[PDB]
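Enquirer: Attaching a single structure in structure tokens format; questions to follow.
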Amino acid sequence: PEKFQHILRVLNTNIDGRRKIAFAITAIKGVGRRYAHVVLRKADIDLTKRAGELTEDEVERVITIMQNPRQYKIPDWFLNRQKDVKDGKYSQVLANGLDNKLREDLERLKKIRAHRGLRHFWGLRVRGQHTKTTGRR
Amino acid sequence: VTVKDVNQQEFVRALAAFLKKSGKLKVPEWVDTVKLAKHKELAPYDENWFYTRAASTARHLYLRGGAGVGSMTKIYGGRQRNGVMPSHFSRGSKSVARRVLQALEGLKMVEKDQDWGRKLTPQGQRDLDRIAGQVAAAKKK
Amino acid sequence: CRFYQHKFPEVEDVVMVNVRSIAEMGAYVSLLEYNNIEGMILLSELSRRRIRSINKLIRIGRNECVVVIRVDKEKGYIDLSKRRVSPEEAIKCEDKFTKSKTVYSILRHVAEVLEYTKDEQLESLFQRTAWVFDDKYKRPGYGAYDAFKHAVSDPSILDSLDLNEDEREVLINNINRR
Amino acid sequence: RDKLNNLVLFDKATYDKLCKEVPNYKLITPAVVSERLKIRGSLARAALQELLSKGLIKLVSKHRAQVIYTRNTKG
Amino acid sequence: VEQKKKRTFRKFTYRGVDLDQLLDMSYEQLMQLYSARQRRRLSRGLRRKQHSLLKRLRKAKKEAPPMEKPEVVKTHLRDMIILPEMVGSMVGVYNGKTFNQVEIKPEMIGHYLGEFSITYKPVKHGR
Amino acid sequence: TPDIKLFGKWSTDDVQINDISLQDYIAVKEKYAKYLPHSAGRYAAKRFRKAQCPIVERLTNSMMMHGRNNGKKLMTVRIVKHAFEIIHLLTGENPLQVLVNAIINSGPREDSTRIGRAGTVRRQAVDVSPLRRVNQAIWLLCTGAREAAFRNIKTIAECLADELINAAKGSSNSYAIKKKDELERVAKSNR
RNA sequence: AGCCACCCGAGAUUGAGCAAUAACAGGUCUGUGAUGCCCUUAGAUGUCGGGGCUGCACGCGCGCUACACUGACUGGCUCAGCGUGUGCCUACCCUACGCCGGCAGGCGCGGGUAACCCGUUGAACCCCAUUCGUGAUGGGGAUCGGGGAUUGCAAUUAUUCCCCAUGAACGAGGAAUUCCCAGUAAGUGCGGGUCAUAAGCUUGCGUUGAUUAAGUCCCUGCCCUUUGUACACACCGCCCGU
């Protein structure tokens, strides 16, 4: 019966009562259901509740934690990119910046023309698994 | 008696509070962010399962002659969901389950004994049968 | 809803249904002369002769000029016929429905012309506009009385359907628009 | 196929209705509450716990899938 | 055809080690430093008796003048991650039918020689 | 208990078995006084074992279909005993007796078997077995339960209780009332 | 000759083992130092290195995961059975326990060819508390990322594991099609095999466990005759005339 708290913004998305808080944090890139589970627990927030509650001041702390993973003890392994090819330490990348770095890996791998890039550019599958019947229809 | 005469799901929670009544249960440095098991799609809701897991361990070691690291790792895990592949039983983390064991050994709830590992402490045989009566007198499932 | 004041079809009511989705024995087809009300076809009796084919490019969304055998006014099951049909040709009811789509669509905003659609107070919307023709006896009567309205320049503002907004901002342009 | 959403906000307008739809309530599951209101079904549970805390309704089932409540003892 | 600030606009660390520092490093450090797949190549493979080719890599780099690339250093192996002393050699990489000669650069460090040589078509079917 | 055995949380007594043909295919208190519906874990050992199994036990059996839900009676008897609770809080009646009435109005009277006539579709006005009348009652009751829950906030128990109550008295809101009549439609129909 | 019924019951009810007659241009020379005729034979067809067997607008099969609430979640409860496992002639285990690491895994030993240890094999389903609320939703995990273990002399063409993250079709599946009557269907895990690493393969296993014939030749195939045959290699046969 607690209505009056329903506006939140986690980067470039609106985070209202649609699901649980953490699962509503999952609208952006670099933030999965387990990574959103952690940042709210690094912020000590019950992710059980609703994002139509829990106003932005908690979330502005959550903004500081998703931008600073290792600084808030989101450790080196938990990251979407560990020890990256760009910003070479252990960076959890976020909503709009991961879409850069996912391309920035593969666009580099074609300038290097490594096998990851050569498969990805030629319409081929990056993975060496079978593409005779799958990866198509 | 045993602790098998009293309610086991009350027992893993009344002894969990008893390990909170211990005040320390020697938690690892990594429960806010861990996988903690390759079975689990999500990180735990809290950290207070660790009391319950040791309340589930000390009940388990009350019945054994002694057990340790590999034995706890089959208890709390289950089907490892293999995604596009068939799911299968395996064992998760062996560090935090050992951290459970060194805690109850450190609190003398269980203790390194025969049969390769930790059996009950006699203080634990008190403190389990103490809170067994606390389990039994409260409710009987 | 519908521009018929009557809710349901009657016995041997030649009705124009809407083939929404084909089902197990047949298709749960919904009437459109009467609002959206579901009826059924085969197994029993819809066809007369045996040539053993149903469609080549006929995809979905058809309309069936069918005759009500059984109607369940309480339970909601309307059994339909075409095997009995020697004289109930499909062209007459559909061209009547091609009018009666527009005869309904004229009389269902209304709600002085935006139009909206949807929705006003739906039943009271039709007692003022759509069913007041159906109240106006007979049923061949408001075949012409509605046609008296959408003969718009012969004349516009004559005999009643002076209900209800006034109506007259609809009655000038929205009759010509719908 | 299906695409439905209740209001996933804790809603006073539903819950004050829930406190006032309560004599119609005798079979009170959160899904009934989520359909008699637009409360979530998740948040129906916590709202009925508040309505349990009022003592107007009473648990008759408590299963991990779904609880069931019941307004005063027999009716 | 050589080390850093040349054949590298793709700067800082490829996997955790900056190529700018790496070319001043030795690869006995690089296998220790943030190069796990290279580590399994350089610790378990462990300098895998291609030394006559490795001599030839340093022979043809020496025999050619250092302002230019080496003449030809063909290999049959394609499992070779480019080392900082390797950087500059025009390495013929065999795909089981043909030798593919690749000049190896500060950007390509960490990549196998079978990643620049191909054994496979960008598949056509009349496509 | 040695005087009378009841249901696990209800009463096998005060059950009104009120059909003509369905005597001794519907019994919960006559020989089948069970707190726990489970006979031996098989019910197809004999053709006789159908009438041996009561309707309260076959309901726990005929629910677990739909291969992810097959091999789960412990989930089922949970949801089944949940569904009796959802009956009584909607009814007040004995939810077994609601289930017992649910077999009554869902059992057909005359059905049709296939026959051929001049290339055209005719079907023979035939009775079905009171064994089948129960088996056409239960299977249509078991269909509307999992289906209506399958994309709804309601669990199967809430949909099954609504399936039993609207078939205890035919309301045409349970799946079993609505599909019995189409079976009975063809008998007075063709030829 | 047999049936039905019931008694007992393990009842006149387990599942396989197993094969007549005859047939095969069934398949296998690449299982075979079973192989005729050959080929080549030191220039090999005896070899090593590298690669392809993986490739995809696609045709098909088999599997598998999916499509939520009996589901996902977070945990907690706890019940197997079949086997097997180092000390082996071309390469080698089960692992308690003790430890470190989220995990990956590392690791310390010791036990045990074994109803002795692994392993009181305390498996999964289950079972409960939840959070979730039927939202391509958290169902789904495709795809891919960065990085880390691990196996190998070599994985690159991601061998494999993991970590997070990018978070797909799919919300029930047409034409068609498959199977099957009780521990059966299904679900569930598990053991055995191929291995240096490397299963959605496979054979077993228990486990949870349905509805349904309980009949029939209707389909369909098979046996059993008669009948006609222009068929006889036998109707995919014949066989006409334009």
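FYI, residue positions are counted from 1 along the chain as it appears here.
Keep in mind that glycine also has a Cβ here, set from the backbone N, Cα and C atoms.
So Swiss-Prot says this about it:
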- A:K86: SUMO2 cross-link (CROSSLNK)
- A:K89: SUMO2 cross-link (CROSSLNK)
- A:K89: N6-acetyllysine (MOD_RES)
- A:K101: SUMO2 cross-link (CROSSLNK)
- A:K101: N6-acetyllysine (MOD_RES)
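Could you place these features in context, so I can see how deep they sit and what lies close by?
Expert: Around A:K86 (SUMO2 cross-link), taking its Cβ as the centre, 17 other Cβ atoms fall within 10 Å, counting all chains.
For A:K89 (SUMO2 cross-link), other Cβ atoms within 10 Å of its Cβ number 14. Under the DSSP three-state reduction, A:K89 (SUMO2 cross-link) is assigned to coil, being neither helix nor strand.
Neighbour list (A:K101 (SUMO2 cross-link), Cβ cut-off 8 Å, at least 6 residues apart, same chain): A:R81, A:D84, A:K86, A:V93. According to DSSP, A:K101 (SUMO2 cross-link) is assigned to a helical segment.
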